[PDB]
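Undergrad:
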Amino acid sequence: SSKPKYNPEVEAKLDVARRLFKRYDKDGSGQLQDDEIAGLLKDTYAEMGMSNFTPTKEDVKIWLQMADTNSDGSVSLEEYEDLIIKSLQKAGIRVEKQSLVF
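Under the entry's author numbering, the first residue of the sequence shown carries the number 117, and numbering increases by one thereafter.
1. Do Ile153 and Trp179 come within 8 Å of each other at the CB atom, strictly closer than that value?
2. In terms of DSSP beta bridges, what is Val126 paired with?
3. Would you kindly work out how many angstroms separate the C-alpha atoms of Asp131 and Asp143, rounded to a whole number?
4. Taking just the CA atoms, how far does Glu125 sit from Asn168?
5. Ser117 to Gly165, Cα distance in whole Å?
6. Could you check how far apart the C-beta atoms of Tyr196 and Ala133 are, in whole angstroms? I think they sit under 8 Å.
7. Go to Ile153, then tell me how far its alpha helix (DSSP H) extends in each direction, as first and last residue.
8. Report the option in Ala162, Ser190, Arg210, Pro120 whose CA atom is closest to the CA atom of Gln147.
9. Go ahead and label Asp184 buried or exposed: buried means 16 or more other beta carbons lie within 10 angstroms of its beta carbon, across all protein chains shown.
As structure tokens, this is what we get:
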């Protein structure tokens, strides 16, 4: 019903990641399979001026487990952005999410 409250510095990075998602999602399925992720990293890496290494079905697997919460070989829009959140924390971006006491 209600969504959390993230800082303006967080969404700022989540926006650029949103376009990159659909940029590869041609099937419009809303999930980046091990294949769709193969080339995705190549671009996602360019964001940091990286060499844009070309991994394989194996490497992509270890990367999928990080983003994907179900590790079902599919990273949803919400499952992908999160991957950048963990990095944004160390990158120098303050983020806050609605967390209550269990």
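For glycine and all other residues, C-beta sits at the position ideal for the given N, C-alpha and C.
TA: Looking at the coordinates:
1. Working through the sequence shown from its first residue, we reach residue 179 at position 63. Working through the sequence shown from its first residue, we reach residue 153 at position 37. Yes, they are a contact pair.
2. Taking the first residue of the sequence shown as position 1, residue 126 is located at position 10. None; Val126 has no bridge partner.
3. Taking the sequence shown and counting its residues from 1, the one referred to as residue 131 is at position 15. Taking the sequence shown and counting its residues from 1, the one referred to as residue 143 is at position 27. Roughly 21 Å between the two C-alpha positions.
4. Stepping through the sequence shown from its first residue, residue 168 is reached at position 52. Stepping through the sequence shown from its first residue, residue 125 is reached at position 9. In a straight line, the C-alpha of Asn168 is about 25 Å away from that of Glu125.
5. Residue numbering aside, residue 117 sits at position 1 when the sequence shown is read from its first letter. Residue numbering aside, residue 165 sits at position 49 when the sequence shown is read from its first letter. Rounded to whole angstroms, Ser117 to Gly165 spans 39 Å at the Cα level.
6. One-based indexing of the sequence shown puts residue 196 at position 80. One-based indexing of the sequence shown puts residue 133 at position 17. That belief holds up - the Cβ atoms of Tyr196 and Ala133 are roughly 7 Å apart, short of 8 Å.
7. If you number the sequence shown from 1, residue 153 lands on position 37. That run of the alpha helix (DSSP H) goes 150-162.
8. Locating residue 147 in the sequence shown gives position 31, where the first residue counts as 1. Comparing alpha carbon positions, the residue from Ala162, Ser190, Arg210, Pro120 closest to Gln147 is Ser190.
9. Your numbering for residue 184 matches position 68 in the sequence shown. Answer is buried; the Cβ neighbour count reaches 16.
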